[PDB]
$ cat work_18.cif   # mmCIF, C-alpha atoms
data_input
#
loop_
_atom_site.group_PDB
_atom_site.id
_atom_site.type_symbol
_atom_site.label_atom_id
_atom_site.label_comp_id
_atom_site.auth_asym_id
_atom_site.auth_seq_id
_atom_site.Cartn_x
_atom_site.Cartn_y
_atom_site.Cartn_z
ATOM 1 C CA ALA A 127 81.584 62.667 99.607
ATOM 2 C CA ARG A 128 84.405 63.915 97.363
ATOM 3 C CA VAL A 129 87.717 62.257 96.479
ATOM 4 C CA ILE A 130 90.874 64.183 97.406
ATOM 5 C CA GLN A 131 93.811 63.755 95.018
ATOM 6 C CA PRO A 132 97.260 63.868 96.677
ATOM 7 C CA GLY A 133 99.815 66.646 96.190
ATOM 8 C CA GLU A 134 97.287 69.482 96.049
ATOM 9 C CA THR A 135 98.796 72.948 96.377
ATOM 10 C CA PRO A 136 97.812 74.187 99.850
ATOM 11 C CA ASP A 137 95.806 77.334 99.143
ATOM 12 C CA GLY A 138 92.938 79.167 100.806
ATOM 13 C CA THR A 139 92.826 80.197 104.450
ATOM 14 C CA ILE A 140 92.904 76.544 105.494
ATOM 15 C CA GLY A 141 95.569 75.501 102.996
ATOM 16 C CA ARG A 142 97.803 78.366 104.080
ATOM 17 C CA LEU A 143 97.215 77.307 107.688
ATOM 18 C CA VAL A 144 98.114 73.721 106.774
ATOM 19 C CA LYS A 145 101.339 74.781 105.075
ATOM 20 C CA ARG A 146 102.317 76.794 108.161
ATOM 21 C CA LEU A 147 101.249 74.530 111.041
ATOM 22 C CA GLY A 148 100.866 71.140 109.348
ATOM 23 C CA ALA A 149 97.599 69.260 108.817
ATOM 24 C CA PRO A 150 97.581 67.562 112.243
ATOM 25 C CA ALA A 151 97.788 70.873 114.132
ATOM 26 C CA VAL A 152 94.957 72.282 112.002
ATOM 27 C CA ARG A 153 92.780 69.303 112.968
ATOM 28 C CA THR A 154 93.668 69.888 116.614
ATOM 29 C CA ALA A 155 92.910 73.609 116.274
ATOM 30 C CA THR A 156 89.596 72.777 114.558
ATOM 31 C CA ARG A 157 88.614 70.407 117.383
ATOM 32 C CA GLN A 158 89.309 73.186 119.885
ATOM 33 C CA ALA A 159 87.184 75.583 117.828
ATOM 34 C CA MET A 160 84.459 72.948 118.053
ATOM 35 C CA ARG A 161 84.454 72.959 121.856
ATOM 36 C CA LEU A 162 84.423 76.758 121.855
ATOM 37 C CA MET A 163 81.506 76.985 119.421
ATOM 38 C CA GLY A 164 79.601 74.263 121.235
ATOM 39 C CA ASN A 165 80.189 75.640 124.730
ATOM 40 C CA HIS A 166 80.053 79.406 124.280
ATOM 41 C CA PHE A 167 77.455 79.950 121.579
ATOM 42 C CA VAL A 168 73.781 78.997 121.466
ATOM 43 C CA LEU A 169 73.188 78.483 117.741
ATOM 44 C CA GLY A 170 70.702 76.954 115.305
ATOM 45 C CA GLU A 171 69.535 77.155 111.700
ATOM 46 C CA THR A 172 66.535 79.093 112.999
ATOM 47 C CA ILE A 173 65.886 80.934 116.260
ATOM 48 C CA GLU A 174 63.567 78.103 117.396
ATOM 49 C CA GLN A 175 66.391 75.584 117.089
ATOM 50 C CA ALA A 176 68.824 77.815 118.977
ATOM 51 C CA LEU A 177 66.294 78.418 121.756
ATOM 52 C CA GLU A 178 65.455 74.723 122.107
ATOM 53 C CA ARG A 179 69.166 73.931 122.280
ATOM 54 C CA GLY A 180 69.747 76.579 124.931
ATOM 55 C CA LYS A 181 66.989 75.455 127.298
ATOM 56 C CA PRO A 182 67.637 74.355 130.942
ATOM 57 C CA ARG A 183 66.659 71.040 132.602
ATOM 58 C CA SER A 184 63.053 71.356 133.843
ATOM 59 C CA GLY A 185 60.943 73.778 135.871
ATOM 60 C CA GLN A 186 64.273 75.587 136.022
ATOM 61 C CA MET B 1 146.836 44.718 110.410
ATOM 62 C CA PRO B 2 147.243 48.393 109.378
ATOM 63 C CA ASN B 3 149.326 50.695 111.592
ATOM 64 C CA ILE B 4 147.935 52.020 114.863
ATOM 65 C CA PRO B 5 147.344 55.733 114.108
ATOM 66 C CA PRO B 6 149.621 58.377 115.715
ATOM 67 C CA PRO B 7 148.295 60.318 118.724
ATOM 68 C CA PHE B 8 145.521 62.592 117.436
ATOM 69 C CA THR B 9 146.716 66.145 116.751
ATOM 70 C CA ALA B 10 144.521 67.995 114.220
ATOM 71 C CA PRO B 11 144.708 71.817 114.021
ATOM 72 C CA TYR B 12 142.568 73.200 116.848
ATOM 73 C CA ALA B 13 140.773 76.136 115.227
ATOM 74 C CA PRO B 14 141.183 76.291 111.424
ATOM 75 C CA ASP B 15 139.534 78.985 109.273
ATOM 76 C CA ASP B 16 135.766 78.566 108.874
ATOM 77 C CA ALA B 17 135.688 79.960 105.328
ATOM 78 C CA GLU B 18 138.086 77.381 103.888
ATOM 79 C CA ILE B 19 135.996 74.615 105.461
ATOM 80 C CA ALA B 20 132.834 76.152 104.012
ATOM 81 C CA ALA B 21 134.554 76.288 100.611
ATOM 82 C CA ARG B 22 134.615 72.484 100.706
ATOM 83 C CA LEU B 23 131.302 71.721 102.441
ATOM 84 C CA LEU B 24 129.054 74.029 100.402
ATOM 85 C CA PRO B 25 129.567 72.486 96.956
ATOM 86 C CA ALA B 26 129.618 68.930 98.325
ATOM 87 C CA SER B 27 126.255 69.485 100.041
ATOM 88 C CA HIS B 28 124.473 69.728 96.689
ATOM 89 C CA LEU B 29 121.621 67.308 96.072
ATOM 90 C CA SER B 30 119.550 66.548 92.978
ATOM 91 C CA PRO B 31 115.947 67.789 92.754
ATOM 92 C CA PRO B 32 114.531 64.305 93.423
ATOM 93 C CA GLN B 33 116.819 63.865 96.439
ATOM 94 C CA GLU B 34 115.699 67.202 97.872
ATOM 95 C CA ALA B 35 112.076 66.333 97.108
ATOM 96 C CA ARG B 36 112.207 63.135 99.175
ATOM 97 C CA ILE B 37 113.938 64.997 101.990
ATOM 98 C CA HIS B 38 111.372 67.788 101.935
ATOM 99 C CA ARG B 39 108.485 65.322 102.103
ATOM 100 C CA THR B 40 109.917 63.122 104.875
ATOM 101 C CA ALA B 41 110.835 66.202 106.915
ATOM 102 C CA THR B 42 107.426 67.875 106.481
ATOM 103 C CA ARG B 43 105.780 64.652 107.666
ATOM 104 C CA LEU B 44 108.066 64.498 110.710
ATOM 105 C CA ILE B 45 107.338 68.118 111.651
ATOM 106 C CA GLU B 46 103.581 67.653 111.114
ATOM 107 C CA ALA B 47 103.687 64.784 113.586
ATOM 108 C CA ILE B 48 105.740 66.923 115.962
ATOM 109 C CA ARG B 49 103.123 69.669 115.751
ATOM 110 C CA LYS B 50 100.230 67.260 116.226
ATOM 111 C CA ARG B 51 100.254 67.685 120.028
ATOM 112 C CA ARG B 54 100.710 63.830 124.078
ATOM 113 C CA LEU B 55 101.842 65.764 127.151
ATOM 114 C CA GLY B 56 105.042 67.639 126.343
ATOM 115 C CA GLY B 57 108.696 68.303 127.077
ATOM 116 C CA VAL B 58 110.874 70.778 128.957
ATOM 117 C CA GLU B 59 110.788 73.252 126.064
ATOM 118 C CA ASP B 60 106.992 73.142 126.207
ATOM 119 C CA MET B 61 107.100 74.030 129.909
#
$ encode --input "work_18.cif" --output "structure tokens"
Amino acid sequence: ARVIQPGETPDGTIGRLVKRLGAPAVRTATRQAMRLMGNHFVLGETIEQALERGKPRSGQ
Amino acid sequence: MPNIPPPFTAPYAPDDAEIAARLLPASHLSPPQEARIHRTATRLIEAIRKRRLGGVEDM
């Protein structure tokens, strides 16, 4: 948990995005990225985690 | 109590440049005035770009 001081120059890939689209649109875009990553990729810190996450219901 | 103004009759299509010669200098604002405007306006546009259903332009 950091503490973000106001008036920070928007830099970086995200800061440049924020300057261009505005912070609210970046949040919205990030939320969309979250549904894409969650729905279309089967990922984990290790292969075991990915595989467990990608499993079907049962006897299926 | 003042006089009822005469029927309106301003020149229909005066020269743009002469108008601009008046409006351009008068439009000047101090740095702090512009700073408030910039901030308010950025906040308005951020809200606009939040994205609600939409409007005709969106369609």
$ residues_around --input "work_18.cif" --residues "region 44-47 of chain B" --least-positions-apart "2" --cutoff "9 Å" --atoms "all atoms listed in the file" --output "list in words"
residues 147, 148, 149, 150 and 151 of chain A; 39, 40, 41, 42, 49, 50 and 51 of chain B
$ closest_residue --input "work_18.cif" --among "B:48, B:2, B:55, B:23" --to "chain A" --atoms "all atoms listed in the file"
B:48
$ atom_distance --input "work_18.cif" --atom1 "CA of residue 38 (chain B)" --atom2 "CA of residue 156 (chain A)"
25.7 Å
$ atom_distance --input "work_18.cif" --atom1 "CA of residue 167 (chain A)" --atom2 "CA of residue 181 (chain A)"
12.7 Å
$ axis_aligned_box --input "work_18.cif" --around "region 27-44 of chain B" --padding-each-side "3 Å" --output "JSON"
{"center_x": 116.0, "center_y": 66.4, "center_z": 101.7, "size_x": 26.5, "size_y": 12.6, "size_z": 24.0}
$ closest_residue --input "work_18.cif" --among "B:59, B:13, B:54, B:32" --to "chain A" --atoms "all atoms listed in the file"
B:54
$ build_atoms --input "work_18.cif" --residues "region 157-183 of chain A" --atoms "N, CA, C and O atoms" --output "tab-separated table (two decimals), in the coordinates of the input"
chain	number	residue	atom	x	y	z
A	157	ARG	N	89.30	71.08	116.28
A	157	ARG	CA	88.61	70.41	117.38
A	157	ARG	C	88.42	71.35	118.57
A	157	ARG	O	87.38	71.32	119.22
A	158	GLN	N	89.42	72.18	118.84
A	158	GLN	CA	89.31	73.19	119.88
A	158	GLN	C	88.24	74.22	119.54
A	158	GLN	O	87.46	74.63	120.40
A	159	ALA	N	88.21	74.64	118.28
A	159	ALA	CA	87.18	75.58	117.83
A	159	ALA	C	85.81	74.96	118.06
A	159	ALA	O	84.84	75.65	118.40
A	160	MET	N	85.72	73.65	117.87
A	160	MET	CA	84.46	72.95	118.05
A	160	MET	C	83.98	73.00	119.50
A	160	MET	O	82.78	73.18	119.75
A	161	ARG	N	84.89	72.84	120.47
A	161	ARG	CA	84.45	72.96	121.86
A	161	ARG	C	84.09	74.40	122.21
A	161	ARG	O	83.19	74.64	123.02
A	162	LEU	N	84.75	75.37	121.58
A	162	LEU	CA	84.42	76.76	121.86
A	162	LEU	C	83.04	77.10	121.30
A	162	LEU	O	82.22	77.72	121.99
A	163	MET	N	82.78	76.70	120.06
A	163	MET	CA	81.51	76.98	119.42
A	163	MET	C	80.37	76.28	120.14
A	163	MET	O	79.27	76.82	120.28
A	164	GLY	N	80.63	75.06	120.60
A	164	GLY	CA	79.60	74.26	121.24
A	164	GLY	C	79.32	74.73	122.65
A	164	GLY	O	78.20	74.61	123.14
A	165	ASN	N	80.34	75.26	123.32
A	165	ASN	CA	80.19	75.64	124.73
A	165	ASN	C	79.78	77.09	124.95
A	165	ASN	O	79.11	77.41	125.92
A	166	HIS	N	80.18	77.97	124.03
A	166	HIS	CA	80.05	79.41	124.28
A	166	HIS	C	79.07	80.12	123.37
A	166	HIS	O	78.84	81.32	123.51
A	167	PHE	N	78.47	79.38	122.44
A	167	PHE	CA	77.46	79.95	121.58
A	167	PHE	C	76.21	79.08	121.65
A	167	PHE	O	76.32	77.87	121.80
A	168	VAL	N	75.05	79.71	121.56
A	168	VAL	CA	73.78	79.00	121.47
A	168	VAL	C	73.20	79.24	120.07
A	168	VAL	O	72.58	80.27	119.81
A	169	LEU	N	73.41	78.28	119.17
A	169	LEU	CA	73.19	78.48	117.74
A	169	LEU	C	72.23	77.46	117.14
A	169	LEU	O	72.11	76.35	117.63
A	170	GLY	N	71.56	77.85	116.05
A	170	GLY	CA	70.70	76.95	115.30
A	170	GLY	C	70.45	77.51	113.92
A	170	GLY	O	70.76	78.66	113.64
A	171	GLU	N	69.88	76.69	113.04
A	171	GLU	CA	69.54	77.16	111.70
A	171	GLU	C	68.45	78.23	111.76
A	171	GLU	O	68.40	79.13	110.92
A	172	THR	N	67.58	78.11	112.76
A	172	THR	CA	66.54	79.09	113.00
A	172	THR	C	66.58	79.46	114.48
A	172	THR	O	67.25	78.78	115.26
A	173	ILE	N	65.88	80.52	114.86
A	173	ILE	CA	65.89	80.93	116.26
A	173	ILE	C	65.28	79.82	117.13
A	173	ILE	O	65.79	79.54	118.22
A	174	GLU	N	64.23	79.18	116.64
A	174	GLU	CA	63.57	78.10	117.40
A	174	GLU	C	64.55	77.00	117.78
A	174	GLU	O	64.49	76.46	118.88
A	175	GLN	N	65.44	76.66	116.86
A	175	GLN	CA	66.39	75.58	117.09
A	175	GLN	C	67.41	76.02	118.14
A	175	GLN	O	67.75	75.26	119.05
A	176	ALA	N	67.89	77.25	118.01
A	176	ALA	CA	68.82	77.82	118.98
A	176	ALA	C	68.22	77.81	120.37
A	176	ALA	O	68.85	77.37	121.32
A	177	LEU	N	66.99	78.31	120.48
A	177	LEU	CA	66.29	78.42	121.76
A	177	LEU	C	66.05	77.05	122.40
A	177	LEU	O	66.20	76.89	123.61
A	178	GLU	N	65.65	76.07	121.59
A	178	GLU	CA	65.46	74.72	122.11
A	178	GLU	C	66.78	74.17	122.63
A	178	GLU	O	66.83	73.52	123.68
A	179	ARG	N	67.86	74.43	121.89
A	179	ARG	CA	69.17	73.93	122.28
A	179	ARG	C	69.67	74.59	123.56
A	179	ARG	O	70.41	73.98	124.33
A	180	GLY	N	69.25	75.83	123.79
A	180	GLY	CA	69.75	76.58	124.93
A	180	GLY	C	68.93	76.41	126.20
A	180	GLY	O	69.28	76.98	127.23
A	181	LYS	N	67.86	75.63	126.13
A	181	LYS	CA	66.99	75.46	127.30
A	181	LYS	C	67.66	74.72	128.46
A	181	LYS	O	68.59	73.93	128.26
A	182	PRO	N	67.20	75.00	129.69
A	182	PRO	CA	67.64	74.36	130.94
A	182	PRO	C	66.93	73.02	131.17
A	182	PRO	O	66.12	72.61	130.33
A	183	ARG	N	67.21	72.37	132.30
A	183	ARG	CA	66.66	71.04	132.60
A	183	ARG	C	65.12	70.96	132.61
A	183	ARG	O	64.51	70.49	131.66
